[PDB]
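Engineer: Residue numbers (the deposited numbering), protein chains in the order written: chain E, 31 to 92; chain I, 5 to 58; chain G, 2 to 127; chain R, 2 to 127; chain C, 1 to 385; chain N, 1 to 385; chain H, 2 to 94. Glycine included, each C-beta is placed from N, C-alpha and C at the ideal position. Can you read through this structure? Questions will come right after.
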Amino acid sequence: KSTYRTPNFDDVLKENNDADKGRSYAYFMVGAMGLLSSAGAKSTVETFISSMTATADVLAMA
Amino acid sequence: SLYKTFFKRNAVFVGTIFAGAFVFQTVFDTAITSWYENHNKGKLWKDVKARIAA
Amino acid sequence: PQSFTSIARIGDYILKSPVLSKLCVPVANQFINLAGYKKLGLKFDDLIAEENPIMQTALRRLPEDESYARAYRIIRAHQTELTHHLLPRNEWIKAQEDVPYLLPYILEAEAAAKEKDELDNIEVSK
Amino acid sequence: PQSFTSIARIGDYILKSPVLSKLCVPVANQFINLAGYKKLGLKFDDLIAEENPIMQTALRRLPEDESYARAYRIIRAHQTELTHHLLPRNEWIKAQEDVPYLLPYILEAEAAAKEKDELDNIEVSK
Amino acid sequence: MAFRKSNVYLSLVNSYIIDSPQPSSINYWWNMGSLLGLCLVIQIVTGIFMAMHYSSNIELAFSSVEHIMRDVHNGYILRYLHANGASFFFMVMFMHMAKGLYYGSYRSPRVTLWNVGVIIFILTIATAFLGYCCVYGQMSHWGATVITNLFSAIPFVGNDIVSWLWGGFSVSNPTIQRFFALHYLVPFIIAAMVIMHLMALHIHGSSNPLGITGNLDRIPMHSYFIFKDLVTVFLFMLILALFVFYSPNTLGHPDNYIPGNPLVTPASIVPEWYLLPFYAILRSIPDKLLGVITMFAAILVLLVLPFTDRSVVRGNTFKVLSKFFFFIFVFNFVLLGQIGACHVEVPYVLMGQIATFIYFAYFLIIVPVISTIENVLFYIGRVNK
Amino acid sequence: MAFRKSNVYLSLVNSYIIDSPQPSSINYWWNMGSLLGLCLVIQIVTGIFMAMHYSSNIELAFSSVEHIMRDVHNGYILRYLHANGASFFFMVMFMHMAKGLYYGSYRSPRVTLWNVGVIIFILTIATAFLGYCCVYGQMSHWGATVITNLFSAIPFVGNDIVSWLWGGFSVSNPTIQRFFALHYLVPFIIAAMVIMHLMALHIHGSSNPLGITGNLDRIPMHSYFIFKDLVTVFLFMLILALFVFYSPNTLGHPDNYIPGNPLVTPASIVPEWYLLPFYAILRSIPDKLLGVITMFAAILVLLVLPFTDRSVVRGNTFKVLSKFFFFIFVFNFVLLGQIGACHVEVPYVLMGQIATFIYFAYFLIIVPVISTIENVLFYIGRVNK
Amino acid sequence: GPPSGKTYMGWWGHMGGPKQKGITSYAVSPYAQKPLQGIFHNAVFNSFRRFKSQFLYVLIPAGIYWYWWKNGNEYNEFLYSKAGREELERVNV
Ligand SMILES: CCCCCCCCCCC(=O)OC[C@H](COP(=O)(O)OC[C@H](O)COP(=O)(O)OC[C@@H](COC(=O)CC)OC(=O)CCC)OC(=O)CCCCCCCC
Ligand SMILES: CCCCCCCCCCC(=O)OC[C@H](COP(=O)(O)OC[C@H](O)COP(=O)(O)OC[C@@H](COC(=O)CC)OC(=O)CCC)OC(=O)CCCCCCCC
Ligand SMILES: CCCCCCCCCCCCCCCCCC(=O)OC[C@H](COP(=O)(O)OCCN)OC(=O)CCCCCCCCCCCCC
Ligand SMILES: CCCCCCCCCCCCCCCCCC(=O)OC[C@H](COP(=O)(O)OCCN)OC(=O)CCCCCCCCCCCCC
Ligand code: HEM
Ligand code: HEM
Ligand code: HEM
Ligand code: HEM
Ligand SMILES: COc1c(O)c(C)c(C/C=C(/C)CC/C=C(\C)CC/C=C(/C)CC/C=C(/C)CC/C=C(\C)CCC=C(C)C)c(O)c1OC
Ligand SMILES: COc1c(O)c(C)c(C/C=C(\C)CC/C=C(\C)CC/C=C(\C)CC/C=C(\C)CC/C=C(\C)CCC=C(C)C)c(O)c1OC
Ligand SMILES: CCCCCCCCCCCCCCCCCC(=O)O[C@H](COC(=O)CCCCCC)COP(=O)(O)OCCN
Ligand SMILES: CCCCCCCCCCCCCCCCCC(=O)O[C@H](COC(=O)CCCCCC)COP(=O)(O)OCCN
Ligand SMILES: CO/C=C(/C(=O)OC)c1ccccc1Oc1cc(Oc2ccccc2C#N)ncn1
Ligand SMILES: CO/C=C(/C(=O)OC)c1ccccc1Oc1cc(Oc2ccccc2C#N)ncn1
């Protein structure tokens, strides 16, 4: 048939599009992921770095 | 609008996920430690020392 | 790896035997229906691996109206696979449409490559 | 790095002064003879580094009879260098042949790039 | 053009993980290769920080690991992530190779990619053997005694390869010191083979689960398969964290917390779980020279698969007989691992000999016969004659 | 085409050492880069074989090296080739960098190639510092005491970087064990930077001693520069063999055959010869914080040369004033090495302060002023006005 | 550098498939679609047929190998008990 006729997309479309609500919820979930990934990567580096400080038997002879 | 005050300006979208994660560390560690010690009350050394004072 | 000349030699021997075509041909019809490529809208000649010089020769010599229809069936099968669905039942390939359209072009290119190989490594006698 | 517009501005100021052209010009003639590029058959404009957009523009606009002669002088200087020798004394570049053949093409391309840069970062007023 | 395509170092990054064309229909089995890259980084980084506190002398090796567990700040986290991370490395690698068998990824034009992967698998086995020796527990000493004594059955050179491997007359102090130095080096050779592995993959690209050409519908890597990779990265880290913090000694042997004693033999000598099927193949041949040859042939028989597969179709998706015998081979591999942890007793001796035969008959007998039959059934079910 | 151009792994070999177009007029100074590749292989291979016999505990480190010299078969050959090979590595690297200064190899379009080389030079200095600590001689202990105490003058973080570098309160047993583990690792990071160094070189090719374009006359690498490379490889090995077998302790200090004693200070604390000019720059600044900043600025000032050279001609071949001041800079570097081996006495204190100023004034004052004057002398000696 | 060998994949614009003509495609932005419309109509019927049209190729080889291991484990348990002592000398010959 004619290429100007668009097929049926109605079982996935929102009843009201409302562009300032669809963008706001998607950016909440991406922002929460970057929040938790930065706090997780920070404690990971501090676990490896603090293993080079003085051990428990060295501190006992201080 | 609350997209453009929270997630548009990506001089602090990198920033707020880097500063909200700083205060996140102390509130999270205080809440779990308080729950973990209350679940195990009567078994810790501080609960033992309070009545091995004799 | 096994050539289509060898597959057609074994297969035509079974189909001419009246006792072997009563045993193997019912088993082959159950094997194809359990394979399930027709429920994705494919013919069998769409499934042949093409990364070899014989298959590249046969795909060049295919007429262009059949080459456009082969490209649509492959694209539609990739989209159905990523959605983890099957096609609607009125869009399945029927058995009378599952014909070997590419097989005569493959067998012609195989016979020409065999004749060239025999003439290149050849003996003479006085 | 230093532009040829800046080099010509300083150099033409010395050459117009009658007291500065008596001091620096004898020193510059001893500097060129001690450099020794003329004993390999080169002019000075053969020695300019060419891996920049201004020099690629000026080399495209050179007439083709001068472009063929420049290519022969560069090739002859590479062959003399690997043999650890100098040219015969009757094949050295003379001072009246050491002319700046490429300098007007370089100065024209530099002025066009400066005018384009001034029009691209520009103010207005009502 | 953009700077990610014009720079000399960023164009290698852009053509591999940003703009590389992927087939649109690959599933979650195609995520195992990037998990193996994360596992190799985890094993290398926890390895360097533990090596700052380790002593490789035979009088000091067991107490150095106990010093890491007790006195180093977060030292028990470094060891438990390292020991459990080696078991997770082998599990992801087994699933990655079994994906290649099922979908026909070994076939042309990807034979060089499959051959480099077999070299990587050999070097990973040798790495885990050398790190287990560095603990010098009771299972460390006697497992090294059993394996190194196999090489003395080689004719005319055997009794001099073993004493060159010991540095002496038995497993002793020069053996442990040279095994720790080799254990540092081989993960850097593995990292260079991974780079050669990714170069051969860039030439032809990946296959897809339908087995047919992917050149008609491609999507770029960035933000589609980057975010699909994040789902399996976080699931991998969560399951690994449950083992490191809540059950850290489930995948090990309690005899390795006894220090190594060359005068007391343990009641049972058992390897780690990921080397148990190759241990049962070795114990099923009574002659000692033929047993060590068959043990190394179990890895090298993976190279015959591009020549014994006779099918004109790539993969197992539309083949019902090849599907059945693939899962026969999978549960045969699990049974061989279970036999390798039992005693040498009736009826486990005959069961291990039948399962060893089924392993080698899959590559050399079953695959060329079944794929020839499936070629003919596709033909005569369509051709009218 | 031929198989050396169609294979995925051999085409990298063919485009680098077989078919790569070289300028026809390069001299023997362009052979130093391939000698540096041979030196890195020699240091890595002798390093692994010695590490099979080495103990890194502070009570065992000095006697382990004496055990290598006496009890290991050909063990004195392994150590003497390793220690003397480090001095030959620095001498070839100094001549390689001085070739780049003379011929203008740092200039555009080769700035990325020059910047990667400066990173390699920093990592090589850190490698040789860590290997000298592993001997634990008397010069090993007190040289590590002097250098690690410099970092406590950094504001607000200084007293906690040093104790994180010691693992304790001074140079002690955790310091030597972590320095040997870092010493194993950094040569593998150097090998990865060398691969990035060769990728940037393949993009533009080499320069030539005339300073002008080489695109008009090229000859391939194989059998011309392969056989020219063999002449300098055999001369390098002959001179290295004369030091290893006939004079093996000339380039070292006899105080390093005394075991490390933290209670007895030596009469003179002197580094190896290739670190002596940077030691004299540090001792010429009386304030302790500005002295360690100036010491690290002496390496980082190599990055300003693409911006301070103002000449329109590449190289020093046709410039008589730039030739004179290049050799002023070379003999100033030798004098700074000699001052670094003297006592802090009159008049060596003022001589080291003047020579430190001449080092930094070459890159920032002398090169932009002289190259501006030589631009104008070329102009007015030809133009008739 | 030198040109490479002949492969079976190209790049964007010259990927190396057949020529396409007559196919139209349509798509809608993800910002204009319903958020997360899957757990139902996919756990209802879709995530049951996707493995139970495949379950018989896995569970017939799994039932063969589990029957074989369980039968051999009970026979080893009989041989080392008191009642299986007489068979034990016979089969260790
Ligand atoms: C060991 C430590 C490593 C940890 C990580 C390794 C993960 C290995 C898992 C094996 C694998 O990679 O293949 C998985 C395969 C499914 O592939 P598929 O693309 O056809 O399914 C897409 C789906 O329909 C949509 O999946 P969708 O993308 O829509 O949602 C994601 C889903 C979780 O996805 C994953 O975690 C993938 C592992 O989220 C939810 O379930 C929502 C409710 C919470 O599954 C199968 O083919 C058969 C299922 C059983 C396989 C288990 C065999 C293990 C030996
Ligand atoms: C730790 C030490 C490791 C030692 C390992 C070897 C390292 C050598 C380091 C010295 C060096 O770098 O030499 C470079 C320098 C090149 O600079 P240049 O441009 O002035 O001279 C072009 C080429 O030499 C002509 O040398 P020529 O080409 O004339 O030699 C003839 C022949 C090659 O002969 C030899 O093999 C002798 C070695 O080649 C032919 O032409 C015939 C072919 C048909 O050579 C020179 O001739 C200049 C002399 C100054 C050297 C002083 C070094 C100061 C440190
Ligand atoms: C020398 C080295 C030898 C290596 C041998 C490796 C053996 C280790 C065992 C690894 C198990 C991995 C088996 C699965 C391999 C993945 C490839 C595969 O089988 O495809 C997935 C299969 C196909 O499903 P679909 O039909 O929906 O997709 C078709 C494409 N359109 O969908 C499925 O059927 C998935 C079902 C998976 C069940 C497998 C159970 C495995 C149990 C092992 C337990 C081991 C610990 C005890
Ligand atoms: C972090 C900062 C690092 C600083 C790095 C500086 C390192 C300095 C250490 C010494 C390096 C040795 C310098 C070698 C000079 C290399 C320069 C070069 O590549 O060639 C220059 C010159 C070229 O001469 P031509 O061949 O072009 O002559 C033809 C007629 N025009 O060739 C020549 O003229 C060669 C003349 C011989 C030079 C003698 C130098 C003496 C060096 C004394 C070393 C003392 C060590 C104890
Ligand atoms: C692919 C990489 C690696 C693998 C598969 C691997 C595997 C292993 C294994 C299985 C053990 C025995 C663990 C136990 O049961 O206690 C071990 C121990 C050890 N490995 Fe590794 N390793 C790897 C990389 C490294 C590297 C690169 C280093 C050092 C730089 C290292 C240092 C150590 C040390 C010090 C031990 C002894 C401490 C311990 O027992 O945990 N490892 N390794
Ligand atoms: C440290 C080890 C390894 C790493 C990091 C690695 C990495 C990868 C990656 C990232 C891919 C592409 C994505 C994918 O298909 O998953 C891949 C594909 C592949 N790998 Fe590996 N791999 C490793 C080991 C192996 C081994 C042991 C084998 C086989 C014996 C192997 C054989 C293959 C094959 C055949 C493919 C192509 C699959 C296809 O295109 O369908 N690899 N590898
Ligand atoms: C670019 C590479 C390297 C450089 C420049 C270097 C440099 C040095 C130096 C200067 C010393 C002190 C030697 C002395 O005066 O006695 C040393 C010692 C040592 N290095 Fe290296 N090294 C390198 C690579 C390696 C590697 C890769 C290893 C180990 C795998 C290694 C293992 C050792 C050992 C065991 C010692 C102590 C034994 C001795 O004193 O000779 N080295 N290194
Ligand atoms: C392990 C260290 C190094 C290795 C293996 C190495 C290797 C090489 C090789 C093989 C070449 C080409 C041939 C030649 O011109 O000699 C080269 C060129 C070059 N290298 Fe290095 N190099 C190293 C260190 C350095 C350092 C420390 C610098 C400077 C700070 C540097 C800067 C350069 C430059 C500028 C060139 C281009 C020279 C020209 O084209 O005229 N490299 N290098
Ligand atoms: C200008 O044009 C040129 C050019 O003129 C030249 C000469 C070269 C070649 C010069 C080079 C220096 C390239 C070669 C590079 C190296 C030699 C660097 C070494 C690289 C490594 C990765 C080092 C690792 C090597 C090893 C051998 C370590 C492994 C050690 C082992 C296996 C021993 C341990 C084993 C046991 C059993 C203990 C060019 O590449 C080039 O560019 C196109
Ligand atoms: C088909 O399309 C694909 C594709 O699907 C995928 C998944 C990838 C995925 C790519 C990968 C998974 C990359 C592979 C992973 C590696 C190569 C990892 C290599 C490992 C290393 C480099 C280890 C190095 C580690 C260190 C140097 C850490 C050292 C520790 C230190 C320095 C301690 C610090 C010391 C002190 C004193 C603080 C592709 O590239 C790709 O394109 C082809
Ligand atoms: C041994 C395996 C090797 C594998 C190689 C993989 C590549 C790893 C690189 C990873 C990304 C690194 C980003 C580099 C940043 C951009 C490059 C750049 O800035 O180059 C230059 C500046 O030069 C430098 O300072 C180089 C910095 C050294 C980087 C060492 C890590 C950018 O300027 P330019 O205009 O020349 O870039 C175009 C180049 N064709
Ligand atoms: C980025 C820096 C790292 C890169 C290093 C590059 C240098 C690597 C070593 C080069 C040495 C050459 C190795 C042999 C080359 C022949 C390979 C071959 O014949 O290809 C295969 C055989 O497959 C293999 O078994 C490869 C084994 C690799 C072993 C390497 C350890 C057949 O050749 P093919 O027909 O595929 O050639 C076309 C390639 N596109
Ligand atoms: C040092 O002992 C190592 C062991 C281990 O499991 O390391 C991870 C081990 C312990 C007890 C008994 C044996 C052990 O080692 C091994 C080693 C091993 O190596 C091979 C694996 C596949 C093919 C060939 C070999 C060999 N040799 N196959 C089986 N067990
Ligand atoms: C462990 O002692 C190492 C020494 C050595 O020479 O190693 C090869 C050494 C011995 C005595 C005195 C000092 C020593 O070390 C050093 C270290 C050193 O390091 C640098 C070099 C250049 C720029 C910055 C630094 C620093 N820090 N510069 C000079 N001497």
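So is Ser24(N) in contact with chain H if we call contact Cβ pairs under 8 angstroms?
Structural biologist: Counting from one through the sixth sequence, the residue named residue 24(N) turns up at place 24. No, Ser24(N) lies away from the interface with chain H (no Cβ there is under 8 angstroms from its Cβ).
Engineer: Under 8 angstroms by Cβ, that's how I've got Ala298(C) and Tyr359(C) pegged, so tell me the actual separation to the nearest angstrom.
Structural biologist: Locating residue 298(C) in the fifth sequence gives position 298, counting from the first residue. Locating residue 359(C) in the fifth sequence gives position 359, counting from the first residue. Contact holds; Cβ gap of about 7 angstroms.
Engineer: Got a sec: is the Cβ-Cβ distance from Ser6(N) to anything in chain H below 8 angstroms?
Structural biologist: Locating residue 6(N) in the sixth sequence gives position 6, counting from the first residue. Cβ-Cβ to chain H under 8 angstroms: yes for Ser6(N).
Engineer: Can you pull the DSSP bridge partners for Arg218(C)?
Structural biologist: Counting from one through the fifth sequence, the residue named residue 218(C) turns up at place 218. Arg218(C) is bridged to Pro23(C).
Engineer: Grouping DSSP H, G and I as helix and E and B as strand, with all else coil, what is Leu43(E)?
Structural biologist: Numbered from 1 along the first sequence, position 13 holds the residue referred to as residue 43(E). Three-state result, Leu43(E): strand.
Engineer: So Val92(H) contacts chain C; which residues on that side make the cut at Cβ distance below 8 angstroms?
Structural biologist: Residue mapping note: residue 92(H) aligns to position 91 of the seventh sequence, counting from 1. What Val92(H) touches in chain C: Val346.
Engineer: Does ligand 11 have even one heavy atom less than 7 angstroms from the beta-carbon of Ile17(C)?
Structural biologist: Here residue 17(C) is taken as the residue at index 17 of the fifth sequence, counted from 1. Every heavy atom of ligand 11 is 7 angstroms or more from the Cβ of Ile17(C), so no.
Engineer: Please specify which runs of the alpha helix (DSSP H), each continuous and at least 4 residues long, are wholly inside the region 275-358 of chain N, giving them in chain order.
Structural biologist: Complete alpha helix (DSSP H) runs here, min 4: 276-282, 288-300, 305-308, 320-339.
Engineer: By DSSP's criteria, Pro259(C) is part of a beta bridge. Which residues make up the other side?
Structural biologist: The residue you call residue 259(C) lines up with position 259 of the fifth sequence. Its beta-bridge partners are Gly137(C).
Engineer: Output yes if chain C places a C-beta closer than 8 angstroms to the C-beta of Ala63(H); else output no.
Structural biologist: Translated into the one-based positions of the seventh sequence, residue 63(H) becomes position 62. Closer than 8 angstroms to some Cβ of chain C, the Cβ of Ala63(H) qualifies, so yes.
Engineer: Starting from residue 128(R) and walking both ways along the alpha helix (DSSP H), at which residues does that stretch end?
Structural biologist: An answer regarding residue 128(R) cannot be provided, because it is not within the stretch 2 to 127 covered by chain R.
Engineer: Could you tell me the distance, in whole angstroms, from the CA atom of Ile226(N) to the CA atom of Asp19(N)?
Structural biologist: To locate residue 226(N), count along the sixth sequence from 1; it is residue 226. To locate residue 19(N), count along the sixth sequence from 1; it is residue 19. Whole-angstrom Cα-Cα distance: 11 angstroms.
Engineer: Which residues does DSSP pair with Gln34(H) in a beta bridge?
Structural biologist: Along the seventh sequence, read from residue 1 onward, the residue named residue 34(H) stands at position 33. For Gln34(H), which the question treats as bridged, DSSP gives the partners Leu43(E).
Engineer: Give the DSSP-derived three-state secondary structure of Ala92(E) in the structure shown.
Structural biologist: Against the first sequence, residue 92(E) aligns to sequence position 62. If DSSP states are grouped into helix, strand and coil, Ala92(E) belongs with coil.
Engineer: Quick one: is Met139(N) buried, meaning 16 or more other Cβ sit within 10 Å of its Cβ, or exposed?
Structural biologist: Against the sixth sequence, residue 139(N) aligns to sequence position 139. Label assigned to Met139(N): buried.
Engineer: If you drop the 5 nearest sequence neighbours on each side, which residues of the same chain put their C-beta closer than 6 angstroms to that of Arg62(G)?
Structural biologist: Position 61 of the third sequence, counted from the first residue, corresponds to residue 62(G). Around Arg62(G): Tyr106.
Engineer: Can you tell me whether DSSP reads residue 133(R) as helix, strand or coil?
Structural biologist: Residue coverage of chain R in this structure runs from 2 to 127, which leaves residue 133(R) outside it and unanswerable.
Engineer: Could you check where the alpha helix (DSSP H) with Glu90(H) kicks off and where it finishes?
Structural biologist: Against the seventh sequence, residue 90(H) aligns to sequence position 89. From DSSP, the alpha helix (DSSP H) with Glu90(H) extends over 86-92.
Engineer: For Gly143(N), does the three-state DSSP call read helix, strand or coil?
Structural biologist: Against the sixth sequence, residue 143(N) aligns to sequence position 143. Reduced to three states, the DSSP call for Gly143(N) is helix.
Engineer: Is the CB of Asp118(G) under 8 angstroms away from at least one CB in chain C?
Structural biologist: As a first step, residue 118(G) must be located in the third sequence, where it is residue number 117. With 8 angstroms as the cut-off, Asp118(G) does not count as an interface residue toward chain C.
Engineer: For ligand 2, is there a heavy atom less than 7 angstroms away from the beta-carbon of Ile239(N)?
Structural biologist: Along the sixth sequence, one-based indexing puts residue 239(N) at 239. Under cutoff, so the answer is yes.
Engineer: DSSP on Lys53(H), reduced to helix/strand/coil?
Structural biologist: On the seventh sequence, position 52 is the one that residue 53(H) refers to. Helix at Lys53(H).
Engineer: How about the region 110-125 of chain R and the region 52-71 of chain G: do they share at least three Cβ pairs that are nearer than 8 angstroms?
Structural biologist: Short answer: they don't touch.
Engineer: If we cut at 8 angstroms on Cβ distances, does residue 1(H) have a partner in chain E?
Structural biologist: Coverage of chain H is limited to positions 2 through 94, which leaves residue 1(H) absent and any answer about it impossible.
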